[PDB]
Structure formats: structure tokens, C-alpha cells
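Everything below concerns the one structure shown next.
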Amino acid sequence: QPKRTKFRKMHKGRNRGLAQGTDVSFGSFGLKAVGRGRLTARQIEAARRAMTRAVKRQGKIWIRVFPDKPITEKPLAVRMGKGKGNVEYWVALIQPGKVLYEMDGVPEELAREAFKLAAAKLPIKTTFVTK
Amino acid sequence: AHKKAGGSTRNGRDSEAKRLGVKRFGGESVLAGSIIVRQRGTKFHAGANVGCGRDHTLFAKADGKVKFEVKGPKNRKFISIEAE
Amino acid sequence: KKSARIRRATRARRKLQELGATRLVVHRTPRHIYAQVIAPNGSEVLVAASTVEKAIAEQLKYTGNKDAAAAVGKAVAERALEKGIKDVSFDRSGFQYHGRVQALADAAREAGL
RNA sequence: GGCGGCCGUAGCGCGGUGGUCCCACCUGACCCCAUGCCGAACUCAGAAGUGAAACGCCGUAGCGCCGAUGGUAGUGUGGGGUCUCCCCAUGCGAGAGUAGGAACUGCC
RNA sequence: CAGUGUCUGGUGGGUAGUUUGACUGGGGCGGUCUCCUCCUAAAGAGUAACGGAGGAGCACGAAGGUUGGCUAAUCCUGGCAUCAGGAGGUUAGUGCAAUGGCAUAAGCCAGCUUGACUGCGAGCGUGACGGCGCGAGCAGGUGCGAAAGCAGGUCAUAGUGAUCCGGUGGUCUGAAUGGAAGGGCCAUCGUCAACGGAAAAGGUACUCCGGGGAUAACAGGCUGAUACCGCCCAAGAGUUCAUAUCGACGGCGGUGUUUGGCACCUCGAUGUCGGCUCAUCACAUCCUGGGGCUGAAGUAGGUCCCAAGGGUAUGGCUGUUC
RNA sequence: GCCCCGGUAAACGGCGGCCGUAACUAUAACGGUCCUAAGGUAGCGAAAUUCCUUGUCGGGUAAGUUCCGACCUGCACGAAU
RNA sequence: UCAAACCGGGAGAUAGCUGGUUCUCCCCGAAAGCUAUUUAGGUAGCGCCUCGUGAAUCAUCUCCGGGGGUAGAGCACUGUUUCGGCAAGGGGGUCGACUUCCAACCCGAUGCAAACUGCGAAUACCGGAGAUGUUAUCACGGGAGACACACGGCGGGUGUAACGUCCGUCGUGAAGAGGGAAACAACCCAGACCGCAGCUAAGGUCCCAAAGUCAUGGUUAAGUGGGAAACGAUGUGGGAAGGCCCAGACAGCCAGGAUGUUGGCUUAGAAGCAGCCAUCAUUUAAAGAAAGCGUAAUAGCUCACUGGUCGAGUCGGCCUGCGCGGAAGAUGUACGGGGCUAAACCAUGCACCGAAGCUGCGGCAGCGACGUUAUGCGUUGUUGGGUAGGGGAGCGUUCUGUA
RNA sequence: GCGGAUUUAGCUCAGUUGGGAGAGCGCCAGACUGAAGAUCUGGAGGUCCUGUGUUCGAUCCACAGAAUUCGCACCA
RNA sequence: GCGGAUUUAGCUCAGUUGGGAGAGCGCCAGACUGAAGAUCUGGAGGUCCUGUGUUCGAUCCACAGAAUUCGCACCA
């Protein structure tokens, strides 16, 4: 699927947004996912809102990858109208070795349980990384 | 009137250009090659364009410009057979 | 190609380089006038003479007039013919007409150039 | 400052310092000459005052450009398996990184 | 008047022919057939589709040429018009759909001026093929410039079109001569923009024949967006209590009974729906029976699994099937 | 002969839309406002001639897109089409 | 017989419409584009079969001298878009300071693109020289077929879709044997003269079946031997890493697990355990105002923590191999069968059967070379599959010559 | 393309005596009516297609150009 | 779903030289009339569908969206 964006027509809005956590200090942690895959904005919200709703203990939870690749669909016959932007909103491109969610935290992992809850929402076997 | 709808060029036809002028045999002072019109300077072999280089050779005849900013548009300095 | 800084100042001349001959630059100063016969590939000056050197002969009046510009042309050209040059083009970078440069050129021909 | 050589690593910015030899600024426009409206341009003349803009030297490599020592991803090409896919052989190697050059050289 | 013969112009269904092209997610409706300039064309070239974006059918003596001076947008400061200063390769502008080029400039301003000359060749368009166009010489001569040099119209690529006939510029031409009417070579202008080009519209269930799947309306097959059903997470409702019926948002699947439907299979044709009547071969079920969950305290119910063993035997309106 | 004007619709025909008053609600009824001149009062009308329409009310029947009566803005019904 | 008579007559009407179109053998052996044509399932000049003539030296599989810019990549037009820092503007709350919100700019990390880029292939491709080749390339002219390829898979583009239009890769139907794959257009290997001998390839090699029940090593045990998925699993095997370990712990077994307090608030009620905030103190070896089950609310039952006993491997965690749950339907069920712990399967290897394959003995064709008048012979290189179609040989046959 | 007609103040038009530019309607005002209407009276409003030429002077002559309209021609 | 038309001050509508937002009616008021009526005069009344883009400036260009209407398509 040739990477896409817009410069076309305006579609729906972002189901995501709340970056959460404080960004006064930049860290280098994360949660890598072995395997490339396209994740829609919605599923990203469910996973993000899953951990954020569990890491009430603190914060410093952040995400680097965001959906920037639109995908249109077409319901009915066919013969006039390339594609409209429906349920299929922006989608993020994840690399075989890309870090998605990283939380600035020293060995006190209380979010591993949160990342686990989210790891069951995105279609891809993710693994927990300390580095 | 004014233009709109941003974009690159604007689609055309099939490129009409060749590359006549062996410049290693007999060569009458005329346009050596064909791609883009309007250009002067080179009076002999002056094949010089950014890259690995360019070249031509042998042909005694005053003046002999190129096509334009293409196959060595730069103007070198004289050149002929070896003893016209 | 783009226009070099020299071409932007149009002080040079590529049309005189395609021939493969020499030039006859005419420098002018509010005190003295200079002339040279420089050849392509750098600033190769074969022969040259200043109006101040004209005094060596027997010059009295000022050296910033027209009659002086003509005297220098005969000197620079005379020395040129002694060198081995016959033909030469005029190269006056920025100037008016009928000025001192014209008298310099007319003097060069009077010698044999 | 004069006078040469090599002659696009001398693109473009920036620093120190020196010669009343030289040179722009500056100064003055009686005249040659000249501005459609303006000696500003143009052109001519004298040199009070500096170096605040040349030049001679010389100190940074930013950025452009031209070379050199090291190498992962990517990629050329021909066989292997494998659900997709991936692997091997072989010629190189993104781009990052370590360095070279801000002139060089003779004479008065 | 007439009768009438002949001819001309107008009116003239009263009479007769689909002749009126194609593409096309069958066809029809809606959209397209000349030409220029990105992407698509997958680094030459060339390359399609009612392929996504946008235009040309003209305008102009100047938006031509040369020279002098000048250099722009835009932003900041003092007063959005103006003026002064600073920043500013330039994003300005350059006639036109875009790309490419350009600033002591092909850009702007001003002045001057006007090469859009005549004649004849060589070269360019894989692969032969005309008109036309362009780059580059020669011979003789117009404009501007000191000169080199620059022009064959407007920076380059769209603004165009035959034959016949007519109107316009030198000559040639018909027993024999004069006076006229007539007949060609080269070139320019006038129309065909359904624009390589006809002077001008329409129905057809009485149909026939020669062919073709290169033509649809059904059944089968693929897909399944729609449709049916299930699963994951679970907000929330539930007096309190997610998870004990219900169950949104979102995500992941199965079936293909529904529907829309990409035309390789049959239209050299397996005549259409439903019912009826008759013979043959099976199971994702309501009660009863055996079970799971329970918003299952008990009772009474809700939902789901299993099961054919037996039984599914009837009317009124409509030809009608649900 | 025709352009000219006029007559003629038992000539081919055309008769859309809106507001107010007024009703528990919807419609009909009346006037206007606009468009294209009028916009329909006799009868009778969704009738074999109205889509929407198995139109609305109702008879009748256990029930009837059937039928009959009425209302009826009359998609594309209406005058010897 | 009529939306139009019959018979004959000028019709053996005109058709870009269908069908038809019959002997043997030998050689070679397709394509689906352009310009114009009353032309588009037609020709001519041309892309392609074949034959004759003419000219002349390359061509391209290579290399060398140029032109393009796509994939990819990078990061890029535009139009979106993530975070932080700095500066400027506007609005609101209190002080002309600051805090909060919104839009634009720059930098770093983050990054974005159907219409981009600091960089950047493969690759195809114009012109000129070579190993190879020496007469190929190339120049001319004649006679043709011809400008209706499609389908399956994968990746697509247009397309809201039908047994597509239109591109790309591959592969077949084409022009392919033989052969295995159970059967099979394309998967693997490998290419047809005759008769014959030997040895190999396909594949097969325990038996029917012709060939070793062959060698080394290993796995599975499932008979898996082949549909199978999103999802689950201390079935089992292997590897790395944290903590606790024999000065009685980590887990078992025995007994505690308390006091103010039914913490406050809230709530019909909640007294560790709906929810809202705290979560201290007490006795002290331990006991969190309490991690779960449970009650309408209590009660009750465990855990955390500690002691005794038990005396030893235990606990949390990461990765990898294979199988499995998610799987109900049709008159008798299984890999070709028998059947095989390998007579399976996986990783290799060896010997054979097995092709009209390869090699050898007796009998060919076409093209080119040498010698030749020769297309007659001799020798030499290539040797021999074929539909449509092109070319060539041939014999059966009748009648009339001359012998 | 060819030929005819037409091209006067907003609108519709008269005006060939070459030497007055005018009428109706419309617009404004006055008079009248209680007022409004309609008469009626008054005023304003004209590059009289454009240029040039002919004459002393032309809307009203000649020539050239343009507009509008009609007939015709063309509309491969 | 597809295409065409339409979407200006309360109502009905004109308005393409892109740079004036206008007409009729209605509403309020003035005038007049004893007064009310009707003229007549005056004023108010318009995100000129919406956003964005384009231009020195757009109701009057381009793009996207919404509404109304008509034809067509769908309707076990």
C-alpha cells in the first residue's frame, strides 16, 4: 500500500490526541513490537487509553508513532468516485523494530501491567523492553 | 486567467529529441545533437557536463554550437582531427 | 551555464577569446593612463607603457588629457610590434565614446597594429 | 604597495595586524563632458581628515565545492528452501563518521 | 371566366425511407470523438481506460528590437495610497494552459527604432511517407548597433483543416486576323470548433433470414461492501452492585439463506416466478426429552446446546410468490 | 399566395407554487401573493382516465390492495382527444 | 399465398453474412503495432513466413563514449499532523508581573506525502572502437500473413460493480516429446530417425512392479503421513537472565493474623474488601485500618507478615522447536493398494530398474565449408518433434507421337 | 461574401426647403381635487450612427467605416 | 447513489465589464383627511446558502460541503 496522506479532501478527526505525561525531561525507554503492521487511529486510542487508565500511579507515558496514512473505502456498485474517507481513518506505519509507547520510568515498572492490557488491543505481538 | 490546483508539470506528448553528430567523423558546422532549441557558445567539440565527463573529436570546421543546457552545454576550447 | 561574476560586470569578453588572439585593455586613472597587450589564460602582459613613462622621453604637460592617451598608444603599440604581435582587439571595460580610449586605439593603429 | 608563477580546496562569511610607499574614501566642481527630473550618474581637479569599505599579510572551516583513510543498512546478479517468505553466493555499499585545504610561491 | 398546353416561385402529411456514426463497468439516462502541456508510462523510447488535475482555438505593432538607468516580491521601522532606511538569489515578473531559464538579467522604467527582407541549398522527425516547422550556411541586400552580432513575430511546446468552385497578383492558350468572353503553374485570404472534415430530424410486441457470445433481463461460480450470526474489550443501564437479562464505541471472524452484483461457462437458446401434482437423497429446529448460563433464592420466565422419535391434517380477498 | 391583425379550442392544448383567516390536530372552504393569461363554480372525480394510494372517513365481513358512497390541491383524469 | 398474389421472364441479383472445400511422403515453421484506403475478421508502403536480386560490414550476448530519475531511499511540493523550548499577537482571571487557551515562525528529538528532495541504483537506451565473427550487420526491390491474444496466479491502476477495459511479472494454449508428481497445460528433470547394445536422467527402487526391505545421523509416535485460521495451553524438550537457599529460608503441615476502629465521608446499609480521601497509631516475634472469596449489611474463610516443624531444590522472568483448543451434516470410512517404526517423514548420500534421452554397431534430411561443370560423388561442422502456413518429390490415370 | 432597409432627446417616431431639431409617451413641477386619478399647462432631456469631403452654413448632399434587420450565398 | 436546475432585504425576483446590493409588496412613520381608505413621500429591513482558495478588491471566478427541486437508479 503506497504510503498516503492528503492534499486531497478533509476527512474525519483524530480519535487520539492526549499525549499524556510530562515532557520536561526526555527519556529513552519504550515498548518495541516485532513485525511491521498498519494500526488505525481508533485502535491506537484503545491501547493508549488502556495503559493511561492503568498508570494512574504516575505518568511520563508517551507515544512516538502516530497515524498519518489515510485509507479510503467504497460501498455499493462502482464506476464513478475513486474513494471516500469512511471508518478507515489515518493509519500508522510500524517497523519490525520500532518503539511505540515509552514511559520515562526507572526500574519500578507498574505500567508493565498497563502495556500488557494495551498489548492485547493492537493486532501485533509486542514485547516489553527495558532499554 | 490565473492558475490554480498545485502540481508539477502538466502532461504532454512523446519526447521529440535525438542525438545526431557523431563528432568522430565528418562534421559540418551545425547543431550537434537535438533535444532543446536555442543556444550558442561551443565552436568545436566541447562535450562537458556534470558527471563522469563528456567528449567528442576530429572535425575541422569553425563554429559548432550545441543544443542548450543538456549534453555538455559548456563551451570548451577548439579541437579538430589531428592534422587537417 | 550561469553568468560568472566577471560576465555580470561585462568587463570581460568571450567573443574575443573564441578567436585566440590578444587584447588591448585601456586602464584609466584621474592621474595617469595605462595600456596593455594581455593574452588569454590569466594576465599575461607581453608589452605595456604608462603615461608616466612618457616623461622619460620628453613630456612636460599633465598626463591625464587626450593628447597624452594618444602618446601612450603609440608607445605600447611600438613595443608590441617589436615583440612579434600584429593583430589585436580593443577592450575598454566600461567607458564613453570619443573618450581617451578611442584616442588610444587610434594611436595603436598608427604604429602598425 | 609594485611585479610574477601555479592558476575554480582561491564560492562565502569572519579576525588580527602593517606600510603616512601605495590605495580607495574624502574634498572641491572653475573647464572638457554629462544627467528626460537630479555632475548622484558622468567627467574633471585638489589632496584638510581616516583607514570606517581596498591592497599586503595572517587567524577560524561555518557553509559551498574538490580529494583521502575506514564500513552497517540499501542494492546489482545467479542458485535454495518456504503458506506468505526468506536465504545463500558475489560486485559494492545509505549515510554517518574520522580527517585534509581558508591559499600556495619568488623578487624589489 | 375559360377548356387547355408549357414553365417558374411559394405553400404544400395528403404520400413514402431510420438514412441520423462510436465509446460506454449489457443497453438506456448521465458522461466522451481535433489539439497542447505533470502524474499514470514500471529512470531512454513508446505505451491504454467516461483514468485523477487543467486548458487551446484566440489576442496583440506591441507584451517586437536596441540602448541607458534600474531590480523585484514579502517583511520590519516612521505615516495601509506615497516617500526615506534596512532585510531580502528572487517567493516577483516575464501575454496564454506547465515545466525549464533569467537580476548590475530575456525583469522593470525611459528613449530610440522597427530583420516578421530577397534568392538558393545542406541537415534534423527509430522505418520508407506530404504539407508544415525548426537548427544551421551561402549569394545579394533592408533595420538597429561602434562592431561582433541579433531576425525567418510575440522564451519554448496548443490558437488548425484538402479537392471542386469563386474572388485577388505576371504570362501561356483555341481553321486565318481584330475585338471580347473562356482554359493552367506558385502563393495569400474566406467555411467546415459532431473541428483528417455528408448540405438535412424521427416509431416500430406481425416479424423474417444469414451469423455471432465481440450484446443484457435468469440458474451456477468468485467476492462479500450489504445481509445473517459469533467472538474480543467493555462504557453504561441495572436502587447498591460492568460481567446475573440488555449492551454503545471500537477491533477481530464465520456462513453465504439476502442483496449489489468484476461477463472465462450456456443466449448454434439447461422458455420465466410461485403454486400444483409425483418419485428419490439430507439437517446449523418450536413443544416434549436430556443439558449449559442465569437479572437462576423458590415459583414463573429469558437465552443457548442437543434431539426428529412421532406429528406439521385446514380456510376468505388477490393469478400473484414472500 | 404569404408576412400583417382578427375570429375560431365539437385547432393540437395549458390549469404550478406560497401566505393569512380559521380548527384540539390534518384537510377541505374563502381572499390575496407569485408565476405563464386563468387556477376550475355544474356535475361528477384516485373513475377502465392520478403516481404517490392496499390515499383519508365508512359501509360490508371474523378479515377483503375487490366493490359501493363521500371528500378530493386534478403526479401525467375532465369536457363529442 | 398479402404489413401485398401466382407463373415465367431481364439472376448462376448484390452481401464487409454462414457453411463448404477429399491422394502419399520430405524440409522449415507465426502473429497479434504505425500512416493512408467507401478502410478497419480486406489490400499497398511497413512490425512478422518464404523465395529471387542487390549492397556491404557490423551487430549484439560483450565492452567502451552519452541521454532518462523510476523502484527504493531520503526526506520533500502541497495540503495534515506529535511533543518540548524560545520570541511576537489576541482574549479571560487578579497586579503594568504571571498563569491558561488559540494561530503563525525557527531549532532538536518525532517525523509526513497521488502531484518532492541534501543524496541516489538496477536498468533500458544514442554515437564510435574490440574477444567473436569476416562476409554476419547493413542498403534495395518483389510476393505474402497483418495492425480482433486470451486465461490462471501474484502486484496492481481506473473502476461506488458483471464469466473486463488496460499495464506489469511469471507461466503456460502456441511450436514439445519422454517422465514423475495418483490422474493434470504450465511444479521438478530433461528434449524424439531406424534396429540394436550399454550407461544415466524423470521418477521409482519391500511386494504386485522392473530396481538396495542400501549407508551415516536425527526427529516424530503423531500413522502424524497432510486444509486450516484470529485466539488458549506447567504436553514436553532446549537455552539465557533476577531474586531467595542448608549460621534451618523460599514453598508444604500446625497455630496466629490482633487493639482504638463499625477511620472519616458517603450511603436505605457498606463495620479491610460499592464509591469518595487518607492509610497513621497501638501490643509488640508477625498482623497492610488490610491483597482476594463471601454477606442485604455483619459473620465466616484465605493472603500479606512471624514462630515451630518440614530439610531441599524452589520461585519470578525472556526466547526458541513441535503438536494442540478455536472445527457438527449428508445411500460403506483409509496414503494408488498391500503395508510400513520406517516398506513414514525430515536432513544427506550411494547403487540400479526405469525415455524413442546419453554412449556404441548396421541403414537418413536441411544448412554451411572444402574440391567440383554438378544441387553427381568424397570429406568436414551442425545432425533430424510439430498445428495454421510456405516449399519440394511422387505414383494411380486417358488419348493421340517415335522406337 | 453579395444586395436592400434601418441607425434623432429614456422609449416609440415625424422631420429633403441646407440654413427652426420636433411630437407622443415617460420623468419633475404647477394648477385642480380634502387628496389621490385621469384630463390640462409648464420645464428638463440630442456627440439628430462615426470620420472626412462638398457649401457661406448640412440631421436633411458625396465618399468611407460600423451597428441593426431581411433576402441570398456558404455551412465535406 | 448518479446528473441537471435552484439556494439575494418578511414574500416573489432582477442583477457577469470583479470593484453601486436593487425592484414590487409588506412593516413603521410622515403627509393628507374630522378620521379612517387608497394614492404619494421617507426610513428601517440583506452572514446577496456555508467554508476555503484566487485577485489590489468577488454576490458576480475555482474547490468542497449543505438545502430545495426534477429525471434516473434501488425497493421478498
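Naming works like this for the C-alpha cells: A, B, ... for the chains as they're shown, residue 1 at the start of each chain, ligands 1 onward in shown order.
The residues of chain A that DSSP classifies as strand (DSSP E or B), using the backbone of this structure, are residues 32, 33, 34, 37, 38, 39, 40, 61, 62, 63, 69, 73, 84, 91, 92, 93, 94, 97, 98, 99, 101, 102, 103 and 126 of chain A.
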Residue subset to file, keeping N, CA and C atoms, as a CSV table (one decimal), in the first residue's frame:
```csv
chain,number,residue,atom,x,y,z
A,32,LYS,N,8.9,-2.0,22.2
A,32,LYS,CA,9.1,-2.4,20.8
A,32,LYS,C,8.1,-3.5,20.4
A,33,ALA,N,7.8,-3.6,19.1
A,33,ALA,CA,6.9,-4.6,18.5
A,33,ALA,C,7.6,-5.3,17.3
A,34,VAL,N,7.8,-6.6,17.4
A,34,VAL,CA,8.5,-7.3,16.4
A,34,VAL,C,7.5,-7.6,15.2
A,37,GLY,N,3.3,-3.5,10.7
A,37,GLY,CA,1.9,-3.5,10.6
A,37,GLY,C,1.2,-2.2,10.6
A,38,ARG,N,0.0,-2.1,10.1
A,38,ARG,CA,-0.7,-0.8,10.0
A,38,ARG,C,-1.8,-0.7,11.1
A,39,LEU,N,-1.7,0.2,11.9
A,39,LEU,CA,-2.6,0.4,13.0
A,39,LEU,C,-3.4,1.7,12.9
A,40,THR,N,-4.8,1.5,12.9
A,40,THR,CA,-5.7,2.7,12.7
A,40,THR,C,-5.7,3.5,14.0
A,61,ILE,N,4.2,8.8,30.4
A,61,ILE,CA,3.8,7.9,29.3
A,61,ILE,C,3.7,8.7,28.0
A,62,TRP,N,4.4,8.2,27.0
A,62,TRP,CA,4.4,8.9,25.7
A,62,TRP,C,4.3,7.9,24.5
A,63,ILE,N,4.0,8.5,23.4
A,63,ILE,CA,3.9,7.7,22.1
A,63,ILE,C,4.6,8.5,21.0
A,69,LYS,N,-1.3,8.0,7.5
A,69,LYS,CA,-1.6,7.4,6.3
A,69,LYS,C,-3.1,7.0,6.1
A,73,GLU,N,-12.5,3.9,1.4
A,73,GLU,CA,-13.3,2.7,1.1
A,73,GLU,C,-14.4,3.0,0.1
A,84,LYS,N,-13.9,7.4,-0.8
A,84,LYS,CA,-14.2,8.3,0.2
A,84,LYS,C,-13.6,7.9,1.6
A,91,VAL,N,-3.8,5.8,9.4
A,91,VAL,CA,-3.2,4.6,9.9
A,91,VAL,C,-1.7,4.8,10.1
A,92,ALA,N,-1.1,4.3,11.2
A,92,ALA,CA,0.3,4.5,11.4
A,92,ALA,C,1.1,3.3,10.9
A,93,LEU,N,2.3,3.5,10.4
A,93,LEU,CA,3.2,2.5,9.9
A,93,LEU,C,4.2,2.1,11.0
A,94,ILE,N,4.2,0.9,11.4
A,94,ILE,CA,5.1,0.4,12.4
A,94,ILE,C,6.2,-0.5,11.8
A,97,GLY,N,11.1,-3.2,14.1
A,97,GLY,CA,11.8,-2.8,15.3
A,97,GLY,C,11.6,-1.3,15.7
A,98,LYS,N,10.4,-0.9,15.8
A,98,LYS,CA,10.1,0.4,16.2
A,98,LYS,C,9.4,0.5,17.5
A,99,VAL,N,9.8,1.6,18.3
A,99,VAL,CA,9.3,1.8,19.6
A,99,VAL,C,8.1,2.7,19.6
A,101,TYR,N,5.1,3.0,22.4
A,101,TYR,CA,4.9,3.7,23.7
A,101,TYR,C,6.1,3.5,24.7
A,102,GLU,N,6.6,4.7,25.1
A,102,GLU,CA,7.7,4.7,26.0
A,102,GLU,C,7.4,5.6,27.2
A,103,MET,N,7.6,5.0,28.4
A,103,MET,CA,7.3,5.7,29.7
A,103,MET,C,8.5,6.0,30.5
A,126,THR,N,3.6,-7.8,20.5
A,126,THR,CA,4.6,-6.8,21.0
A,126,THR,C,5.3,-7.4,22.2
```
**Item:** Neighbour list for residue E:166 as a list in words, cut-off 12 Å, only C-alpha atoms (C1' of nucleotides), skip fewer than 6 positions in-chain
**Value:** residues 190 of chain E; 1, 73 and 74 of chain H
Discussion item. Would you pick out the contacts of residue B:77 at 12 Å or less, using only C-alpha atoms (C1' of nucleotides), so that residues sharing its chain but fewer than 3 positions from it are not included, and give the list as a ChimeraX atom specification?
Written reply: /B:41-48,62-65,74,80 /C:14,17-20,40-41
Writer output for current selection, N, CA, C and O atoms, as a compact mmCIF listing (two decimals), in the first residue's frame:
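Written output follows (selection34.txt):
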```txt
# COMPACT_ATOMS: atom_id res chain seq x y z
N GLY B 41 27.72 29.23 -28.29
CA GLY B 41 28.93 29.18 -27.49
C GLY B 41 29.98 28.26 -28.07
O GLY B 41 30.99 28.72 -28.62
N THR B 42 29.76 26.95 -27.95
CA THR B 42 30.70 25.97 -28.46
C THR B 42 30.91 26.15 -29.96
O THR B 42 29.96 26.25 -30.73
N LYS B 43 32.18 26.21 -30.36
CA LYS B 43 32.53 26.37 -31.77
C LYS B 43 33.17 25.10 -32.31
O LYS B 43 33.44 24.98 -33.51
N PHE B 44 33.40 24.15 -31.42
CA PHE B 44 34.00 22.86 -31.77
C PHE B 44 33.54 21.84 -30.74
O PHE B 44 32.52 22.05 -30.07
N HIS B 45 34.27 20.74 -30.61
CA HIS B 45 33.91 19.72 -29.63
C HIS B 45 34.10 20.29 -28.23
O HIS B 45 35.21 20.68 -27.85
N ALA B 46 33.01 20.35 -27.47
CA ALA B 46 33.06 20.88 -26.12
C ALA B 46 32.14 20.10 -25.19
O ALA B 46 31.55 20.66 -24.27
N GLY B 47 32.03 18.80 -25.44
CA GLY B 47 31.18 17.97 -24.61
C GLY B 47 31.66 17.98 -23.17
O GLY B 47 32.64 17.31 -22.83
N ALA B 48 30.98 18.75 -22.33
CA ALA B 48 31.35 18.85 -20.92
C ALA B 48 30.13 19.10 -20.04
O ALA B 48 29.59 20.21 -20.01
N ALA B 62 35.11 25.72 -38.35
CA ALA B 62 34.85 26.85 -37.46
C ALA B 62 33.41 26.92 -36.97
O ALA B 62 32.47 26.80 -37.75
N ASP B 63 33.25 27.12 -35.66
CA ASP B 63 31.94 27.22 -35.03
C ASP B 63 31.18 25.90 -35.05
O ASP B 63 31.35 25.08 -35.96
N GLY B 64 30.33 25.70 -34.05
CA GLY B 64 29.55 24.48 -33.95
C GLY B 64 28.90 24.35 -32.58
O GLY B 64 29.25 23.47 -31.80
N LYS B 65 27.96 25.25 -32.29
CA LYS B 65 27.27 25.26 -31.01
C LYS B 65 26.55 23.95 -30.70
O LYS B 65 26.50 23.04 -31.52
N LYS B 74 28.36 23.54 -21.82
CA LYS B 74 29.55 24.35 -21.60
C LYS B 74 30.36 24.46 -22.89
O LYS B 74 30.28 23.59 -23.76
N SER B 80 40.13 19.50 -33.34
CA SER B 80 39.98 19.08 -34.72
C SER B 80 40.43 17.63 -34.88
O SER B 80 40.52 16.89 -33.90
N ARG C 14 34.09 37.20 -24.05
CA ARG C 14 34.29 35.83 -24.51
C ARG C 14 34.34 35.75 -26.03
O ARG C 14 34.90 34.80 -26.59
N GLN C 17 37.80 35.75 -27.18
CA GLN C 17 38.59 34.60 -26.74
C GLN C 17 38.38 33.42 -27.68
O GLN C 17 39.20 32.51 -27.74
N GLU C 18 37.27 33.44 -28.41
CA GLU C 18 36.95 32.38 -29.35
C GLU C 18 37.89 32.43 -30.55
O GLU C 18 38.05 31.44 -31.26
N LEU C 19 38.50 33.59 -30.77
CA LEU C 19 39.42 33.78 -31.88
C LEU C 19 40.80 33.23 -31.53
O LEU C 19 41.45 32.59 -32.36
N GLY C 20 41.24 33.49 -30.30
CA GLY C 20 42.54 33.01 -29.87
C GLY C 20 43.64 34.03 -30.12
O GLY C 20 44.79 33.66 -30.38
N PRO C 40 45.27 35.60 -23.53
CA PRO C 40 44.42 34.63 -22.83
C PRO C 40 45.16 33.78 -21.79
O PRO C 40 46.39 33.76 -21.75
N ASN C 41 44.39 33.08 -20.96
CA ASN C 41 44.94 32.23 -19.92
C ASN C 41 45.66 33.05 -18.85
O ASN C 41 46.89 33.08 -18.80
```
### Within 10 Å of residue D:100 using only C-alpha atoms (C1' of nucleotides), minus same-chain residues under 4 positions, as number ranges by chain
D: 9, 67-68
- Write out as a VMD selection string the residues lying within 12 Å of residue G:394, counting only C-alpha atoms (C1' of nucleotides) and excluding same-chain residues fewer than 3 positions away. chain G and resid 23 to 26
_Set the distance at 10 Å and use only C-alpha atoms (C1' of nucleotides): which residues neighbour stretch 23-27 of chain D once local chain neighbours fewer than 3 positions away are removed? I'd like the list as a list in words._
residues 1, 46, 47, 48, 49, 50, 51, 52, 53, 54 and 55 of chain D
Produce a file of the selected residues containing C-alpha atoms (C1' of nucleotides), as a PDB file, in the first residue's frame.
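The resulting again_0.pdb:
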```pdb
ATOM      1  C1'   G D   1      52.347  48.884  -2.460  1.00  0.00           C
ATOM      2  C1'   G D  46      42.973  69.373  -5.134  1.00  0.00           C
ATOM      3  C1'   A D  47      44.722  66.438  -1.634  1.00  0.00           C
ATOM      4  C1'   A D  48      42.415  69.153   5.046  1.00  0.00           C
ATOM      5  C1'   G D  49      40.992  64.261   7.528  1.00  0.00           C
ATOM      6  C1'   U D  50      40.967  58.499   8.367  1.00  0.00           C
ATOM      7  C1'   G D  51      41.592  53.538   7.460  1.00  0.00           C
ATOM      8  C1'   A D  52      35.198  53.368   8.968  1.00  0.00           C
ATOM      9  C1'   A D  53      34.663  49.765   2.934  1.00  0.00           C
ATOM     10  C1'   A D  54      40.525  48.063  -0.993  1.00  0.00           C
ATOM     11  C1'   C D  55      45.641  46.033  -1.221  1.00  0.00           C
TER      12        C D  55
END
```
| Residues of chain B within 12 Å of chain A, counting only C-alpha atoms, as a PyMOL selection string | chain B and resi 5-7
Could you turn the residues from that selection into a file that holds C-alpha atoms, as a PDB file, in the first residue's frame?
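Okay, again-v3.pdb is ready:
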```pdb
ATOM      1  CA  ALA B   5      -4.520  23.460  -8.311  1.00  0.00           C
ATOM      2  CA  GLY B   6      -0.891  22.980  -7.315  1.00  0.00           C
ATOM      3  CA  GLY B   7       1.158  20.347  -9.100  1.00  0.00           C
TER       4      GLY B   7
END
```
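We find atom CA of residue A:66 and atom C1' of residue G:82 to be spaced 7.0 Å apart.
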- Message: Show me, as a ChimeraX atom specification, the residues of chain C whose atoms get within 10 Å of chain E, using only C-alpha atoms (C1' of nucleotides) for the distance check.
- Response: /C:2-3,5,8-10,15-16,97
Quick one: write out the picked residues with C-alpha atoms as an mmCIF file, in the first residue's frame?
```
data_model
loop_
_atom_site.group_PDB
_atom_site.id
_atom_site.type_symbol
_atom_site.label_atom_id
_atom_site.label_comp_id
_atom_site.auth_asym_id
_atom_site.auth_seq_id
_atom_site.Cartn_x
_atom_site.Cartn_y
_atom_site.Cartn_z
ATOM 1 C CA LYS C 2 25.303 30.745 -15.164
ATOM 2 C CA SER C 3 26.841 34.186 -15.669
ATOM 3 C CA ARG C 5 30.864 37.480 -11.645
ATOM 4 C CA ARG C 8 27.820 40.109 -14.702
ATOM 5 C CA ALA C 9 30.172 43.098 -14.750
ATOM 6 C CA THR C 10 30.562 42.610 -18.509
ATOM 7 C CA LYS C 15 33.729 36.762 -28.153
ATOM 8 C CA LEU C 16 37.376 37.831 -28.348
ATOM 9 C CA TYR C 97 32.733 57.262 -26.764
#
```
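Rounded to one decimal, atom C1' of residue E:281 and atom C1' of residue E:310 lie 21.6 Å from each other.
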